[PDB]
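Engineer: Sharing a structure with you now.
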Amino acid sequence: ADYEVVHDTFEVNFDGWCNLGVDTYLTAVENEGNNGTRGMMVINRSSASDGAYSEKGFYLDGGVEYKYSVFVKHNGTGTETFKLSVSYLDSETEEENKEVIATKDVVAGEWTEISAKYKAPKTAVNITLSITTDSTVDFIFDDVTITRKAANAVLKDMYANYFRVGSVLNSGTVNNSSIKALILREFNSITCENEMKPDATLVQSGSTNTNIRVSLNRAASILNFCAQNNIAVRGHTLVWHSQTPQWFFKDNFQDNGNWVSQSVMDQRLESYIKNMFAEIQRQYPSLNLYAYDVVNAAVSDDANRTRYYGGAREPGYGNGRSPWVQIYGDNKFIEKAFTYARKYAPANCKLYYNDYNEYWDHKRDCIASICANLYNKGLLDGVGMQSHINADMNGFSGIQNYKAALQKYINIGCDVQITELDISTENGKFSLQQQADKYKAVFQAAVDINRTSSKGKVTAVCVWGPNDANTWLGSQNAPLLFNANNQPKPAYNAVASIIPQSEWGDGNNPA
Ligand SMILES: O[C@@H]1[C@@H](O)[C@H](O[C@@H]2CO[C@@H](O[C@@H]3CO[C@@H](O)[C@H](O)[C@H]3O)[C@H](O)[C@H]2O)OC[C@H]1O
């Protein structure tokens with residue numbers, strides 16, 4: 001050993017550590033860790049395989065030998081056998097491996113180090129450490145140690161006096177060293193691509209109408225990285241017709257059950273929102289959760305629905321239909337969601353209504369009407385403009401339409417965030433300079449709002465992915481600021497030229 005890449009001392013957060021086993025419970029407790037410091041208790045284990053795990057792919061590379069060390073303690077009777085296991089996904093064979101790397105006998109009531117050296121295959125990713133015993137005993141652990149032998153020309157700094165500049169992390173991108181360096185260098189906001197959606201956070205087993213179980217396990221390594229590096233997080237998303245398990249809307253908590261009543265759904269909705277915010281605060285209190293998309297994409301693209309049905313999607317599940325409309329009949333669930341979120345959200349977490357095609361007249365007018373109403377009721381802080389646009393200065397998402405919409409939302413009096421900006425080349429139909437021109441147009445439009453008007457502000461501009469190898473549109477649409485090799489594109493240098501150097505600030509402390 002020689003160089004330390006991880007040291008988890010649960011002094012503030014849960015440090016990326018997660019319950020292994022659906023009913024296992026983790027709780028970090030002052031004074032009860034190692035050397036009288038804060039430690040992680042693991043309780044309610046009901047078999048030997050239950051315990052705790054942490055995905056360390058942000059820190060650990062395949063092919064490198066690491067010394068893993070953990071201090072453990074139990075308060076059972078006699079000796080307990082602790083085990084450290086390392087698991088990983090082999091990125092070539094697509095196959096997972098798991099191995100006990102250390103076994104250690106631990107007497108009751110004594111802090112004991114368990115450690116071993118382990119080198120994963122060079123193709124290993126998602127390197128994950130876990131701690132169990134050969135029993136169901138409660139334990140405490142601490143000091144997870146893993147060892148090995150004004151103002152810069154970066155987006156966050158350039159825009160420091162204007163807005164946060166954000167990107168997106170997901171379960172795969174966590175492991176990419178190059179992406180990690182990129183995020184640390186350029187971006188002061190992160191949204192989880194999928195890991196905070198209801199289907200990633202809802203826990204079916206043991207959920208009841210008034211106590212919906214949630215888990216941050218899918219998002220833990222991202223929240224932990226952001227909290228540790230002073231990167232603010234936008235929560236995404238509390239309510240959406242998509243990526244939400246069908247069972248959440250059914251009487252027996254099964255996909256195949258009967259649709260619940262509105263009053264049962266109100267309980268489940270409030271419980272989910274309440275427990276999401278409670279868990280974020282419990283596990284990652286030092287995280288700057290600066291925004292949350294409370295309701296996502298509830299307005300129909302169909303002009304007939306915006307005209308005659310208050311913008312409600314068609315009721316149902318899948319094909320763009322809404323299980324929320326299925327239960328509530330109506331977009332009435334939107335105000336309910338904001339009401340609950342307002343009750344449970346931290347004071348500094350700004351509440352957003354988030355939507356795409358938000359510059360399309362019929363849809364834009366409907367979005368603006370919903371948000372104006374929520375805003376004036378004190379329930380909403382801003383409109384999220386998803387900005388899934390193409391590289392054309394003209395047309396459907398052209399600069400004229402885009403600015404009209406930006407201005408119209410700003411004119412409500414609320415703030416705006418550009419939340420999921422990507423700029424499709426449409427399979428090579430558009431040039432990279434055309435793309436650069438759209439990016440610059442969008443960033444300039446937001447800068448103009450902030451220098452003008454003033455009342456409402458653009459408080460974040462976020463792109464939906466880090467580079468072209470990691471976009472939900474497919475790489476053939478080459479939609480982002482960095483290419484597949486993580487090199488800056490013409491769009492990056494165009495966006496990097498909008499703010500004069502005299503105006504750059506501390507991106508880690510934006511205005
Ligand atoms: O098969 C599943 C995929 O379809 C899923 O892809 C994600 C779908 O959501 C994408 O983000 C949304 C883009 O549209 C906006 O309206 C929403 O606000 C966004 O959440 C995300 O980028 C894709 O990765 O991934 C999970 C798979 O199981």
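Convention: chains lettered A, B, ... in structure tokens order; per-chain residue numbering from 1; ligands numbered from 1 as shown.
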Under the rule of at most 9 Å, produce a per-residue listing of region 399-428 of chain A near region 360-370 of chain A: chain, number, name, the closest pair of atoms, and the distance in Å, as a Markdown table, using only C-alpha atoms.

Structural biologist:
| residue | atom | partner | partner_atom | distance |
| --- | --- | --- | --- | --- |
| A:401 | CA | A:360 | CA | 7.3 |
| A:402 | CA | A:360 | CA | 8.6 |
| A:405 | CA | A:364 | CA | 6.8 |
| A:408 | CA | A:368 | CA | 7.5 |
| A:409 | CA | A:368 | CA | 6.2 |
| A:412 | CA | A:368 | CA | 7.7 |

Engineer: Excluding same-chain residues fewer than 6 positions from residue 141 (chain A), what lies within 7 Å of it counting only C-alpha atoms, as a list in words?

Structural biologist: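 The residues that qualify are residues 33, 39, 40, 41, 70, 71, 72 and 73 of chain A.
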
Engineer: Please tabulate, as a Markdown table, the residues of chain A that come within 8 Å of ligand 1, each with its closest pair of atoms and the distance in Å to one decimal, counting only C-alpha atoms and all ligand atoms and ordering rows by chain, then residue number upward.

Structural biologist:
| residue | atom | partner | partner_atom_place_in_ligand_line | distance |
| --- | --- | --- | --- | --- |
| A:193 | CA | ligand 1 | 22 (O) | 5.4 |
| A:194 | CA | ligand 1 | 24 (O) | 6.1 |
| A:197 | CA | ligand 1 | 20 (O) | 7.7 |
| A:236 | CA | ligand 1 | 20 (O) | 7.2 |
| A:237 | CA | ligand 1 | 20 (O) | 7.6 |
| A:243 | CA | ligand 1 | 8 (C) | 7.6 |
| A:296 | CA | ligand 1 | 18 (O) | 6.0 |
| A:297 | CA | ligand 1 | 16 (O) | 6.0 |
| A:354 | CA | ligand 1 | 18 (O) | 7.0 |
| A:355 | CA | ligand 1 | 16 (O) | 6.3 |
| A:356 | CA | ligand 1 | 16 (O) | 5.8 |
| A:386 | CA | ligand 1 | 15 (C) | 6.8 |
| A:388 | CA | ligand 1 | 14 (O) | 8.0 |
| A:420 | CA | ligand 1 | 18 (O) | 7.3 |
| A:464 | CA | ligand 1 | 22 (O) | 7.1 |
| A:465 | CA | ligand 1 | 22 (O) | 7.9 |
| A:471 | CA | ligand 1 | 22 (O) | 6.9 |
| A:472 | CA | ligand 1 | 22 (O) | 4.6 |
| A:473 | CA | ligand 1 | 22 (O) | 7.9 |

Engineer: Smallest atom-to-atom distance to residue 259 (chain A): which of A:321, A:143, A:69, A:328, using only C-alpha atoms?

Structural biologist: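 Distance minimum relative to residue 259 (chain A) lands on A:328.
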
Engineer: What lies within 10 Å of region 153-167 of chain A using only C-alpha atoms, ignoring chain neighbours under 4 positions off, as a VMD selection string?

Structural biologist: chain A and resid 182 to 193 231 to 234 417 to 421 443 446 to 451 457 to 467 480 492 to 493 495 to 511

Engineer: What are the nearest atom pairs, with distances in Å to one decimal, for all residues of region 84-162 of chain A that come at most 12 Å from region 215-229 of chain A, using only C-alpha atoms, set out by chain and rising residue number as a Markdown table?

Structural biologist:
| residue | atom | partner | partner_atom | distance |
| --- | --- | --- | --- | --- |
| A:126 | CA | A:221 | CA | 10.4 |
| A:127 | CA | A:221 | CA | 11.6 |
| A:128 | CA | A:221 | CA | 10.5 |

Engineer: For residue 347 (chain A), which residue out of A:424, A:488, A:239, A:290 is the nearest one, using only C-alpha atoms?

Structural biologist: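 Nearest candidate to residue 347 (chain A) out of A:424, A:488, A:239, A:290: A:290.
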
Engineer: Any idea what's packed within 7 Å of region 310-313 of chain A, counting only C-alpha atoms, ignoring anything in its chain fewer than 4 positions away? Could you give it as a count of residues only?

Structural biologist: 11

Engineer: What are the DSSP helix (DSSP H, G or I) residues of region 109-322 of chain A, as number ranges by chain?

Structural biologist: A: 155-158, 173-175, 177-186, 198-201, 220-228, 246-249, 262-283, 303-308

Engineer: For residue 267 (chain A), which of A:373, A:485, A:407, A:208 is the closest residue, counting only C-alpha atoms?

Structural biologist: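 Among A:373, A:485, A:407, A:208, it is A:208 that comes nearest to residue 267 (chain A).
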
Engineer: If you run DSSP on the backbone here, which positions in region 229-423 of chain A get strand (DSSP E or B)? Please write them as a VMD selection string.

Structural biologist: chain A and resid 232 to 239 250 259 289 to 296 299 312 315 318 321 to 322 350 to 355 382 to 385 388 to 390 415 to 423

Engineer: With only C-alpha atoms as the atoms that count, which of A:437, A:90, A:270, A:105 lies nearest to residue 344 (chain A)?

Structural biologist: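 For residue 344 (chain A), the nearest of the candidates is A:270.
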
Engineer: Report, in Å to a single decimal, how far apart CA of residue 319 (chain A) and CA of residue 262 (chain A) are.

Structural biologist: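 Atom-to-atom, CA of residue 262 (chain A) and CA of residue 319 (chain A) are spaced 22.7 Å apart.
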
Engineer: What gap, in Å, lies between CA of residue 78 (chain A) and CA of residue 111 (chain A)?

Structural biologist: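 CA of residue 111 (chain A) lies 14.0 Å from CA of residue 78 (chain A).
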
Engineer: Excluding residue 380 (chain A) and residues on its chain fewer than 4 positions from it, collect all residues at most 9 Å away from it, counting only C-alpha atoms, and give them as a list in words.

Structural biologist: residues 338, 342, 350, 351, 352, 353, 371, 372, 373, 374, 375, 376 and 414 of chain A
